[PDB]
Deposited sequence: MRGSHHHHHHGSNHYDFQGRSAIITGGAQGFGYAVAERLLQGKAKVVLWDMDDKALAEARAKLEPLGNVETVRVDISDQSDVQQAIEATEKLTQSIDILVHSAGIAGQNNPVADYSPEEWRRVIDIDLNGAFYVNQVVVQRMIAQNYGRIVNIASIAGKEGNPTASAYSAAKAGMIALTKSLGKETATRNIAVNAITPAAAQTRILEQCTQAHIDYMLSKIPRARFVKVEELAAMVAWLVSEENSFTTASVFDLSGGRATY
């Protein structure tokens, strides 16, 4: 196992209460990072803070990342809980409903975009302003293989993840002269799988050369390197986590 030091550093993890956010948070606590979880459910936030308390200093901010004003409120709250805002891991989002484009609910289309794309923009804006002032930042936008491939029956999710990737490239190039790294990850499928049919799981596994889903701890390991001081040159870049699926 490797050790990633985050002593003196403070992290925001959106979608921090569960899944990737939660796995990343546990790993950042293991390296002495000060962690602030951002999530929309106060109850899930309580469960998370209780579990990670033996691991270190964890705080909770309740926020809808699809609401720009709630995001402004979330950032001001974080400033009162932290010495600085060194790291952002934007993990929050929704999968969206599956439907061909011909039958997609425009209402569901707007919602998936608003949360998966506009929210990442709102969260990246308030956080990077603090990184600009500090001349220090390490951001990871958790996107998906859907962002690179345009996954069939998931046009909305695929489009929002793509936007998040291009946002990552604009932001990275804008902050390249400062000591700030803005990178994105493209994982394959990692509780969400309980909804899938066995036939669907075998279709998804057919597309993955690894022949298995990524473990949340594997995502956390890569993200921890990407949010570390040591990731000092690479910016506006996509890191893959698809177990050989991605061809770029």
Problem - Deposited-sequence segments unaccounted for in the coordinates - result: 1 to 11, 202 to 203
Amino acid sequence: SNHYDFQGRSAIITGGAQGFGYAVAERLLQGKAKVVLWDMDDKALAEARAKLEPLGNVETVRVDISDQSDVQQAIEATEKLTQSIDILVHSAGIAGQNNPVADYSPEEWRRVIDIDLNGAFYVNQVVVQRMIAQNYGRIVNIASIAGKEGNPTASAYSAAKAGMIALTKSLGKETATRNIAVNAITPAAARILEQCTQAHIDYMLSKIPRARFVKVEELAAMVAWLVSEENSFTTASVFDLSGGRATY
From here on, numbers count along this sequence of modelled residues.
Handout entry: Mean C-alpha temperature factor, higher of 181 to 189 and 63 to 71
Key = 63 to 71
Problem - Higher-B stretch (mean Cα B-factor, as the entry records it), 126 to 134 or 150 to 158 - result: 126 to 134
Exercise for the section: Specify which of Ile208, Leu28, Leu219, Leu55 carries the largest Cα B factor in the deposited PDB entry. Expected result: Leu55
Handout entry: Chain-relative CA temperature factor third for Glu230
Key = middle
Fill in the blank from the handout: Sorting the chain's modelled residues by C-alpha B-factor and splitting them into thirds places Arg111 in the middle
Handout entry: Position of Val223 among the chain's modelled residues by C-alpha B-factor, lowest, middle or highest third
Key = lowest
Exercise for the section: Check where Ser91 lands among this chain's C-alpha B-factors and tell me if it's the lowest, middle or highest third. Expected result: middle
Handout entry: Assigned third (lowest, middle, highest) for the C-alpha B factor of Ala77
Key = highest
